[PDB]
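Shown next as structure tokens: one chain only, the form deposited in one PDB entry.
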């Protein structure tokens, strides 16, 4: 039994920006009150984990990254009531405390206990459960899933179906839920509408899935890598366009194609220029544009507010607008009942020990999601 004891295990530690991960031994403390220690089973490689390496997404270093994952509870701290040893779980990078003004609001999901807005890289109590080479290591988004074992606060974990295939449903911990919810919950895509989706990676393909589920008549995929078009069409895109093929700006192209602007547009990349382009291509009187991508830290965009005065709506969201702990178990149940598919997002599988090759695949443009198995 390991309950109440320190666990020594392997993790992928990031000591420095712009360097490979280091797979080495870490010490994982036992859970304190209202904490849960999880044996990880599978984790996806999401572009936000790469943003930590590139310095796009700022969080304290050294760190154990990873936020899209699934595993099995090893032990629970005092007072935990929502999970037990042996349960299958998904860590929640957006917590759901259930008690703050956001958690009590009908639409809000960005719980005030989050570690996203002004990151500390700690547990809720301001301390760390990890040491490596005798030095304390930061957490990432309260989850730190690039480790054989992690410790999370109870408000950052959801119990899921015991029969769930963890190597698939890890994607409900970030990319699938974010893109799908951005379409069905945040934008509220309507039947018969025209949508434009900028960026055709795992999250943008999930936005396409949600637009098709909502009954859109036209779904235009936009990417500078034409090798992403075939899979976009498989999951519902009706047409795809590469901005590099055109002499005019793509907002003009899209407005012409849609006979005056699209109903719904989505930025699913992380660039300031494509956020403004995506807003401009929606119809000026009644269009809606949703920002999903994460841009380089602390940088401001420039835009003309007359784009809004005519009638456009501009919004963003984290995790598809879903209240995390209520929604994740229901999304897994819907997956088990074949209400949506996850296999189209999975292009590569590797053992955890080959995490750096998995990041190389993402950076080269070759992969959508690589799933790592422990």
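In this text, rigid core is short for the largest set of C-alphas that superpose within 1.5 Å between two forms. Positions refer to the first chain, counted from 1.
Below: the form deposited in another entry, not depicted.
**Student:** Which one of 73, 288, 250, 123 is the only residue whose C-alpha moves by 2 Å or more between this form and the one not shown, after superposing on the core?
**Tutor:** The one that shifts is 250.
**Student:** With both forms fitted on the core, check whether the Cα of residue 184 differs by 2 Å or more between this form and the one not shown.
**Tutor:** No: residue 184 shifts by under 2 Å between this form and the one not shown.
**Student:** After fitting the rigid core, is the C-alpha of residue 83 off by 2 Å or more between this form and the one not shown?
**Tutor:** It does not, since the residue 83 C-alpha is displaced less than 2 Å between this form and the one not shown after the core fit.
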